[PDB]
Amino acid sequence: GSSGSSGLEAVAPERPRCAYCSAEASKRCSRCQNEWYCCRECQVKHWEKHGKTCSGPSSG
Ligand SMILES: [Zn+2]
Ligand SMILES: [Zn+2]
C-alpha cells in the first residue's frame, strides 16, 4: 500500500437517547431538532417539559 492504515483502535458507533423513556432514539424533534425521542408518543409526553425550550434556534 501507499497510504496505509491510520491506526488500530476499537471504533464503536453512537446513538442519542429519548427524553421521556431515555431509550435509543433515532429521530429528533421536527420542531427544533435539538431533542431526541425513540418514538413520537414520547416526544409528545415530555412535550410539557420540552415545549418549554422547544423551538430554540428557529430554522427551516
Ligand atoms: Zn421513548
Ligand atoms: Zn422541539
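Thresholds applied
- Residues numbered from 1 in each chain as written, not as in the entry; some residues may be left out.
- Chains lettered and ligands numbered in written order.
- Heavy atoms only, no water.
- UniProt positions renumbered as here; feature names shortened; annotations may be inferred.
- Helix = DSSP H or I, 4+ residues; strand = E, 2+ residues; numbered from the N terminus.
- Buried < 20%, exposed > 50% of the residue type's maximum accessible area, 1.4 Å probe, protein only.
- Contact = heavy atoms within 4.5 Å.
- Donors = N, O, S within 2.8 Å, 3.2 Å for Na, K, Ca; no water.
- Tetrahedral: all angles 85-135°; square planar, octahedral: opposite > 155°, others 65-115°.

- Looking at the entry header, you'll see solution NMR listed as the method.

**Structural notes on the UniProt feature "binding site: Zn(2+) 2" in the protein chain**
Inference 1: Here the UniProt-annotated "binding site: Zn(2+) 2" positions come out as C29, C32, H50 and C54. Spanning 26 residues, the named residues form one tight spatial group whose C-alpha atoms are at most 10.2 Å apart.
Inference 2: As for its position among the elements, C29 is in the loop between β1 (27-28) and β2 (36-37).
Inference 3: For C29, a relative accessible area of 0% gives the class buried.
Inference 4: Within the secondary structure, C54 is located in the segment after α2 (47-50).
Inference 5: Apart from the residues lying within four places of it in its own chain, the contact partners of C54 are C29, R31, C32 and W47.

**A word on the environment of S58**
Inference 1: When you line up the elements, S58 lands in the segment after α2.
Inference 2: For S58, a relative accessible area of 67% translates into the label exposed.
Inference 3: A sequence separation of 19 residues divides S58 from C39, and the C-alpha atoms of the two residues are 23 Å apart.

**Quick notes on the coordination of the zinc ion (ligand 1)**
Six octahedral donors around a metal ideally subtend angles of 90 or 180 degrees, whereas four tetrahedral donors ideally subtend 109.5 degrees.
Inference 1: Ligation of the zinc ion (ligand 1) by protein atoms is provided by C18 (SG), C21 (SG), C38 (SG) and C42 (SG), these donors lying 2.3 to 2.4 Å from the ion.
Inference 2: Viewed at the metal, the four donor atoms of the zinc ion (ligand 1) are separated by angles of 98 to 118 degrees, and the geometry they form is tetrahedral.
Inference 3: If you list the donors of the zinc ion (ligand 1) from N- to C-terminus, the spacing comes out as C-x2-C-x16-C-x3-C. Taken as a pair, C21 in the segment before β1 and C38 in the loop between β2 and α1 (40-45) lie far apart in primary sequence, 17 residues in all.
Inference 4: Take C21: its relative accessible area is 37%, and that puts it in the partly exposed class.
Inference 5: Judged by relative accessible area, which is 26%, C38 ranks as partly exposed.

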